Amino acid sequence: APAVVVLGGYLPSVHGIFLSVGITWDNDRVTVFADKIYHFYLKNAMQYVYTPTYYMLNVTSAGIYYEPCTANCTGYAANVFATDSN
Amino acid sequence: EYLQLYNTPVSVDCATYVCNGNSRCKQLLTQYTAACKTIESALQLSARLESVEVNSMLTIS
Amino acid sequence: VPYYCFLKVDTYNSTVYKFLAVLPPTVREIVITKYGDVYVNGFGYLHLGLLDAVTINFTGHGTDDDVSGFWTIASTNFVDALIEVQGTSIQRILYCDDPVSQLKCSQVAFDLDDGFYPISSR
Amino acid sequence: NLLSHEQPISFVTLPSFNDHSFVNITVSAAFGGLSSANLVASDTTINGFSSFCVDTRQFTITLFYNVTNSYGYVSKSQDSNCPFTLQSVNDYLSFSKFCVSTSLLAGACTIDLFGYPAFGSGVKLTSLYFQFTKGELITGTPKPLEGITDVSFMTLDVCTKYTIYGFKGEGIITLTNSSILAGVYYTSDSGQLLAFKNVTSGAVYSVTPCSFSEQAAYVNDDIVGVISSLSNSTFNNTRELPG
Amino acid sequence: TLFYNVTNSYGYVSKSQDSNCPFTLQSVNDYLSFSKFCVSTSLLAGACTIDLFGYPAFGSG
């Protein structure tokens with residue numbers, strides 16, 4: 001739907017590769033991105049991702065309009081929060 | 001003739017009466033939803049009403 | 001398909017399967033309590049012994065849906081809180097950790113008229 | 001309501017296939033003595049063991065008696081320190097766990113079974129000790145009751161003898177389009193069932209008692225009219241007013 | 001003090017108590033007071049019961 005949303009993991013600007021599609025690995029789990037995106041369980045452009053990344057985007061029904069995001073962007077999504085002291 | 005103007009108001013801390021300050025009993029008492037609210041505010045809102053009626057008919061000159 | 005869900009109970013030289021339910025396609029929360037209770041969508045389906053731990057091996061969401069943003073695991077402790085529920089959904093929360101909030105959650109009120117309210121000493 | 005006790009039975013429970021095991025209980029004894037009738041060699045078993053615990057989501061308890069009285073017959077009775085009787089356990093009672101033993105269990109109720117071989121003071125044939133917990137998953141049943149996705153059955157819009165998530169009563173069950181997002185059942189302040197979900201669908205059903213209260217206008221030794229919630233009644237005219 | 005001397009070949013036993021009684025064995029130790037106190041394996045005149053149970057393979061004890 002036409003909405004404003006934040007997403008993350010390992011994704012473009014070691015734990016993943018991207019090309020012009022890509023492959024990402026963590027925690028005995030592999031995710032492959034193609035025309036559709038897939039998951040597998042496996043023990044342990046030519047662009048390489050070393051650290052988790054976040055994106056904030058809003059949807060035109062073509063999702064093509066976005067801003068890259070810093071640390072502390074997770075708190076924009078409606079089902080997550082920064083836990084307070086105690 | 002003697003006419004009584006007022007009743008000496010009384011107040012209760014329902015958690016102290018019911019539970020003697022036992023913590024595990026206070027933790028059970030909150031399950032009786034608003035049993036304390038409906039005792040405490042009936043005594044407090046009545047003790048307030050007496051205070052405003054009697055102090056408002058005792059207008060000195 | 002309908003999914004039939006079972007507890008595989010493993011013991012020192014045994015496996016047994018206890019049948020639970022045809023799991024509905026509409027589950028949104030599971031909470032597992034140290035004291036053994038498992039609650040699904042706010043209702044306590046199961047009671048169990050004291051737990052040492054849980055292992056999970058959750059498999060990622062079905063990528064034909066929206067599948068953007070986060071799903072959250074909360075490590076939590078029990079506390080008395082005043083909760084306002086509307087349509088079975090929490091609207092507001094207040095935590096009874098301090099003597100003003102313990103007054104509010106004794107009067108079962110999120111905010112109060114000016115007055116004298118009975119409180120116990122700390 | 002004119003239904004003459006021909007009323008349907010309804011049973012709504014968390015979604016199950018037919019997952020059934022019998023708790024067959026065999027009680028056995030021998031009797032003798034020509035001066036008076038007395039008991040020897042009693043034994044009891046549950047599925048052939050001394051204790052059993054139910055793991056399947058439906059069960060039926062059955063008694064088999066295998067009594068060998070020479071005086072020709074034995075009459076039988078029960079004493080229950082319990083919120084059920086064996087024949088009543090079958091009538092849709094819901095539990096979290098249910099174990100049965102011929103020897104004492106930690107929380108146990110007793111059902112004691114007695115035989116009267118020559119009419120007067122009887123004798124204990126056996127004692128069955130039941131450990132159970134009030135709950136949702138394991139239901140007593142009369143016979144293995146068929147189904148692939150759900151075991152449940154309802155009659156809607158008619159007065160029904162329902163068991164719904166362990167609430168029993170007589171009521172009219174109606175589909176309501178007021179969908180509710182959490183829980184499985186909703187109860188009044190009076191602890192009575194008002195609505196429930198068919199949790200495999202999301203559809204919510206409302207339970208209303210099948211005789212409602214009314215006020216009767218009594219004048220000159222007849223009821224001349226009645227004030228009601230209902231659109232229909234035995235009087236030949238009806239009028240609608242705001243309340 | 002309870003000593004259990006249970007010889008289960010399956011490796012362990014869990015143990016539990018039922019009280020028809022105003023105490024439990026470990027709670028009798030927690031400074032309770034009495035005028036007389038007698039314990040037996042056989043039924044005494046006014047007696048309460050503690051029944052001790054084992055679960056050598058899980059289910060019925």
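A short reminder: the numbers here are calculations on the coordinates, not readings from a lab. Note that each Cβ is placed from the backbone with ideal geometry, even for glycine, and that neighbours are counted across all protein chains shown.
At-a-glance table
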| read-out | value |
| --- | --- |
| Flag if C:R28 is in contact with a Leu (Cβ under 9 Å, 6 or more places away or on another chain), closer than 30 Å to B:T38 by Cα, basic (K, R) and surrounded by fewer than 13 Cβ atoms within 10 Å (Cβ to Cβ) | no |
| Of all residues in region A:67-86 being among the small types (G, A, S) and under 21 Å from C:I90 (Cα atoms), the one that is nearest to the chain's Cα centre (by Cα) | A:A77 |
| Residues within region D:57-96 that are within 14 Å of another protein chain (Cβ to nearest Cβ) and surrounded by 17 or more Cβ atoms within 10 Å (Cβ to Cβ), tallied | 5 |
| Residue check for E:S27: hydroxyl-bearing (S, T, Y), within 14 Å of chain D (Cβ to nearest Cβ) and surrounded by 10 or more Cβ atoms within 10 Å (Cβ to Cβ) | no |
| Residue list for region C:55-84, restricted to those being under 15 Å from the mean Cα position of the chain (by Cα) and either aliphatic (A, V, I, L, M) or within 14 Å of chain D (Cβ to nearest Cβ) (or both) | C:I73, C:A74, C:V79, C:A81, C:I83 |
| Filtered residues of region B:6-43 (kept if on the phi > 0 side of the Ramachandran plot and at the interface with chain C (Cβ under 8 Å from one of its Cβ atoms)) | B:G21, B:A34 |
| Scan of region D:163-175 for residues that are more than 18 Å from D:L230 (Cα to Cα) and among the β-branched types (V, I, T), ordered by number | D:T163, D:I164 |
| Enumeration of residues in region D:103-121 that are away from chain E (no Cβ under 14 Å), among the hydrophobic types (A, V, I, L, M, F, W, C) and under 22 Å from the mean Cα position of the chain (by Cα) | D:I111, D:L113 |
| Output for region A:6-30, where each listed residue is among the β-branched types (V, I, T), more than 10 Å from chain C (Cβ to nearest Cβ) and either in a strand (DSSP E or B) or in contact with a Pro (Cβ under 7 Å, 6 or more places away or on another chain) (or both) | A:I17, A:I23, A:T24, A:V30 |
| Of all residues making up region C:5-19, the number that are surrounded by 12 or more Cβ atoms within 10 Å (Cβ to Cβ), facing another protein chain (nearest Cβ under 7 Å) and not β-branched (V, I, T) | 2 |
| Filter result for D:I138 (within 14 Å of another protein chain (Cβ to nearest Cβ), surrounded by fewer than 16 Cβ atoms within 10 Å (Cβ to Cβ) and either at negative phi or hydroxyl-bearing (S, T, Y) (or both)) | no |
| Strands (runs of 3 or more DSSP E) completely within region C:1-107 that count 1 or more residues being aliphatic (A, V, I, L, M) and in contact with a helix residue (DSSP H, G or I) (Cβ under 8 Å, 6 or more places away or on another chain) | C:81-86, C:89-95 |
| Matching entry among D:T126, D:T133, D:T163 (being surrounded by fewer than 22 Cβ atoms within 10 Å (Cβ to Cβ) and within 14 Å of chain C (Cβ to nearest Cβ)) | D:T133 |
| Which listed residue, of B:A35, B:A15, is aliphatic (A, V, I, L, M), in contact with a helix residue (DSSP H, G or I) (Cβ under 6 Å, 6 or more places away or on another chain) and surrounded by 12 or more Cβ atoms within 10 Å (Cβ to Cβ) | B:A15 |
| Flag for B:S51 being within 12 Å of chain C (Cβ to nearest Cβ), within 18 Å of the chain's Cα centre (by Cα) and surrounded by 12 or more Cβ atoms within 10 Å (Cβ to Cβ) | yes |
